[PDB]
Amino acid sequence: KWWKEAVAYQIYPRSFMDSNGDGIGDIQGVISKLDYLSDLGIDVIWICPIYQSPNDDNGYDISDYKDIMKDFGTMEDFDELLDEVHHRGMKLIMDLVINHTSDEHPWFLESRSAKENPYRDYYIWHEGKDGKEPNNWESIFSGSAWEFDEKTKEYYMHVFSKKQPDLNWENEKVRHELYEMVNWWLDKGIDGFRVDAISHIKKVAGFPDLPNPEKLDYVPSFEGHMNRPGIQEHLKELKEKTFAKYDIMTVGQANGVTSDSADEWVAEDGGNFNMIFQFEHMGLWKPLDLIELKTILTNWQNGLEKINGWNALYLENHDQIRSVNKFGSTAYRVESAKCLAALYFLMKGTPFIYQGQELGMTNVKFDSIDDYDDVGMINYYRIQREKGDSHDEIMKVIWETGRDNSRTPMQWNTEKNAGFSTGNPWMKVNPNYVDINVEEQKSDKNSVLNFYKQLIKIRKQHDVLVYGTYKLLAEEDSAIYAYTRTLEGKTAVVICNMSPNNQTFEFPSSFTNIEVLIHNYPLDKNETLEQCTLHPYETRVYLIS
Ligand SMILES: OC[C@H]1O[C@H](O[C@H]2[C@H](O)[C@@H](O)[C@@H](O)O[C@@H]2CO)[C@H](O)[C@@H](O)[C@@H]1O
Ligand SMILES: [Ca+2]
Ligand SMILES: [Ca+2]
Ligand SMILES: [Ca+2]
């Protein structure tokens, strides 16, 4: 229940704060900015992976689960971080990455060393078919999901990068070692986990070929490994052997789960996580189809209410483009950032803020493929270039859909590199840091940052915004997203003009008192309550007694 009332902040440590001038974020960097997060009102910090890693996938390829990434510091730095976080009245959850390891993990080095060895079946090996790969599956990062090993003359599976071989969850020995490792971390007093790629751990037995109607070189392979029947057996054991033994929060990153199939994932009774990151609102690729967004988020509000589940609320993370671009408007950057904030943050659930979201940071446009880092898009670039796509065509996809958009340095001030580093950043800063930065926003009472500060405050001060029942209003309005939160004798009315235009809206009325809790435009003297005249991306929250 503390996790129900919490607001969480997600840190991408490579790009949060560089404390020693090599252009790479680090743990002492995070420590140096804990004042910022405490003052924001954050309750829980989720930090992306900080473990030993070759960084083929920036931390999500782990070669030692019990050692800190050299770039980021030492275990002593981590211990200091956890101690400082805890003394500041915050909690910290770690990123648990156990679908796959680095190919430089000692388990895999042994596993690949000989066709027969005690670690061979820790991973997923198969001989080829017809002088090619074992099947036609595509990696999520493009190319084959199988990599040939010359020494042992077999392929190993990698859903993600070539340097991320999948662990074999059908091997009890593997599961036992993972559970020991998880509990080792929990014994240090961390407060839980965000659980990476967790819907991918069950593969269809025998890894059969997928249908290939369009005759591709490789077939997108989600139907072979995403949320496959049999997965719940593993996740139930994971919970029983680890999570259930501690008072922690868990949020599972669970692609392929829908609002009607979330029962075994988050139900109060028997659910394997406290909440999940669901993907249904993150694949709406013009004018945003607002009513489709209403349908999806409302499905999840109503769906989880029915099974006493709990939503994880979010619009941004290290895998997505920036939300002003995705859901708002660059023509109304500040206003749409605040509108989006009220919209997602005040539904029923635990809200997550991704670093820079609270500033209204936006997408970046680098001209050179050398300026990007994301293994996914770098692969995409090579493959599509060879197939004949022009540089421009490809960069368009990268600019408009690439997750590197969310990985540019956190924008602290207007000094060199926006104060992220004294050195040359591993990823270039967005040039708009001259306009968009923490220092500027602290002093402006109408900044995006101070709007988030207010959202956190009113959610904390009014129980109806935590435990109140959600109901969608004005479903057919293609511009206005409005909804209520109701708890006993209190009703909050959240009104969001999700359009770049002025709009009229009838107040969806029976109250003894009304109060405006938050608003991103100045209130108009002569405006009547009943006839809202809302400015582009205007949001208001009313509290009704
Ligand atoms: O650790 C690999 C990869 O996993 C997570 O994101 C995945 C997600 O789990 C999948 O469902 C899939 O569709 O693609 C995502 C990657 O694009 C991590 O969040 C991600 O950073 C990481 O690379
Ligand atoms: Ca550094
Ligand atoms: Ca089995
Ligand atoms: Ca008005």
Side-chain angles (χ1 to χ4, degrees), residues 10 12-32 46 48-49 51 53 55-62 69-73 77 95-102 121 138-142 145 158-161 163-172 174-175 194-205 220-222 225-234 237 251-257 276-279 282-283 314 317-321 354 373-377 379-380 401-404 406-407 409 417 420-426:
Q10 177 191 353
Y12 195 70
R14 198 165 198 81
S15 302
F16 191 71
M17 183 58 96
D18 175 21
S19 73
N20 58 9
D22 61 357
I24 306 166
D26 50 66
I27 290 163
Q28 286 295 335
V30 175
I31 291 168
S32 80
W46 154 30
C48 276
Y51 321 89
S53 169
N55 285 314
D56 191 50
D57 192 21
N58 287 0
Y60 285 92
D61 52 318
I62 296 171
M69 187 191 301
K70 186 173 154 51
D71 287 340
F72 290 169
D77 296 311
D95 210 314
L96 179 63
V97 184
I98 56 181
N99 176 73
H100 48 267
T101 71
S102 174
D121 290 24
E138 185 191 30
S139 160
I140 289 179
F141 295 155
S142 301
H158 62 94
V159 165
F160 298 101
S161 86
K163 296 183 53 68
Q164 291 167 296
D166 288 56
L167 287 161
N168 177 18
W169 272 79
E170 302 317 314
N171 187 343
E172 49 196 337
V174 170
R175 301 197 299 275
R194 177 271 192 184
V195 191
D196 184 64
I198 196 53
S199 56
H200 295 275
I201 62 173
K202 177 70 188 181
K203 277 64 169 175
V204 177
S221 54
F222 301 96
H225 53 76
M226 191 168 69
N227 195 20
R228 294 299 94 191
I231 191 172
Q232 293 300 336
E233 170 176 314
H234 297 319
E237 183 176 71
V251 53
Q253 188 213 26
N255 197 3
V257 181
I276 56 175
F277 289 127
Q278 57 90 5
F279 284 57
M282 299 306 296
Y314 80 104
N317 56 45
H318 62 301
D319 292 331
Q320 307 290 341
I321 64 171
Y354 176 69
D373 176 83
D374 173 18
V375 56
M377 285 304 184
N379 289 346
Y380 178 79
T401 75
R403 56 193 185 157
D404 271 342
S406 286
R407 301 179 176 194
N417 301 319
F420 158 77
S421 178
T422 60
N424 309 327
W426 75 275

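Read the numbers this way: they start at 1 and go in the same order the structure lists the ligands and their atoms. If you read the sequence from its start, that first residue is 1, and numbering goes on from there.
With hydrogens and angles ignored, the 3.5 Å screen pairs a side-chain donor or acceptor of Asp404 with a backbone N or O of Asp373. The closest donor-acceptor contact from the side chain of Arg407 to the backbone of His318 lies under 3.5 Å. A donor-acceptor pair under 3.5 Å is formed between the side chain of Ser199 and the backbone N or O of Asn255. With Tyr354 contributing its side chain and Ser406 its backbone, the two residues share a donor-acceptor pair below 3.5 Å. Within the 3.5 Å criterion, the main-chain N or O of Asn317 finds no donor-acceptor partner in the side chain of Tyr12. Judged by distance alone, the side chain of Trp426 and the main-chain N or O of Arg14 form a donor-acceptor pair under 3.5 Å. Here the side chain of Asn379 pairs no donor or acceptor atom with the backbone of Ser142 at under 3.5 angstrom. Looking at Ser139, its side chain does come within 3.5 Å of a backbone N or O of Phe160 through a donor-acceptor pair. Listed for the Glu138 side chain is no donor-acceptor partner under 3.5 Å among the backbone atoms of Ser221.
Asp95 and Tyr60 are linked by a side-chain donor-acceptor pair at a separation below 3.5 angstrom, with hydrogens and angles left out of the test. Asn99 and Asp166 share a donor-acceptor pair across their side chains, judged by distance under 3.5 Å alone. Counted by atom type alone, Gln164 and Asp57 present one or more donor-acceptor pairs between their side chains at under 3.5 Å.
Remark: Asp22 does not engage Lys70 in a salt bridge, criterion side-chain N to carboxylate O under 4.0 Å.
No more than 12 heavy-atom neighbours from other residues, nucleotides or ligands sit within 6.0 angstrom of CD on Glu233. The local environment of CG in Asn424 is sparse, with at most 12 non-hydrogen atoms from other residues, nucleotides or ligands closer than 6.0 Å.
Protein heavy atom in closest approach to atom 11 (O) of ligand 1: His200 NE2, 2.8 Å. Considering only non-hydrogen protein atoms, atom 13 (O) of ligand 1 sits nearest to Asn255 ND2, 3.1 Å. Here the protein heavy atom with the shortest distance to atom 6 (O) of ligand 1 is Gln253 NE2, 3.2 Å. Shortest contact from atom 19 (O) of ligand 1 to any protein heavy atom: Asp319 OD2, 2.5 Å. Atom 3 (C) of ligand 1 has its closest protein heavy atom at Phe160 CE2, 3.8 Å. For atom 16 (C) of ligand 1, the closest non-hydrogen atom of the protein is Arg403 NH1, 3.8 Å. Looking from atom 12 (C) of ligand 1 to the surrounding protein, the closest heavy atom is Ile140 CD1, 3.5 Å. At the top of the distance list for atom 23 (O) of ligand 1, counting protein heavy atoms only, stands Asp57 OD2, 2.5 Å.
In terms of N/O distances under 3.5 Å, ligand 1 is not approached by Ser199.
Atom OD2 is the N/O/S atom of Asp26 found closest to the Ca ion (ligand 2).
Residue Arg194 touches ligand 1 through its side chain alone, judged by heavy-atom distances below 4.0 Å. Residue-level proximity to ligand 1 for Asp196 is carried by the side chain, the only part with a heavy atom below 4.0 angstrom.
Close approach of ligand 1 to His100 (heavy-atom distance below 4.0 Å) involves ligand atoms 1 (O), 2 (C). Interface of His318 with ligand 1, defined as ligand atoms under 4.0 Å from a residue heavy atom, comprises 18 (C), 19 (O), 20 (C), 21 (O). In summary, the atoms of ligand 1 found under 4.0 Å from a heavy atom of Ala197, numbered by their order in the structure, are 4 (O), 9 (O). Within ligand 1, the atoms closer than 4.0 Å to a non-hydrogen atom of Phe222 are 13 (O), numbered from 1 in the order shown.
Listed here is the closest heavy atom pair of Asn55 and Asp61: N-OD2, 3.3 Å.
Among the atoms of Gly23, none of the N, O or S atoms falls under 3.0 Å from the Ca ion (ligand 2). Coordination check, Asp71 versus the Ca ion (ligand 2): failed, since every N/O/S atom of the residue sits at 3.0 Å or beyond. Because the distance cut-off is set at 3.0 Å, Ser421 fails to qualify as a neighbour of the Ca ion (ligand 2), as none of its N, O or S atoms comes that close.
With the Ca ion (ligand 2) as the vertex, atom OD1 of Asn20 and atom O of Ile24 span an angle of 160° (nearest 10 degrees). To the nearest 10 degrees, the Ca ion (ligand 2) sees OD1 of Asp18 and OD1 of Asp22 at an angle of 90°.
Here the protein contributes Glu170 OE1 as N, O or S atoms under 3.0 Å from the Ca ion (ligand 3).
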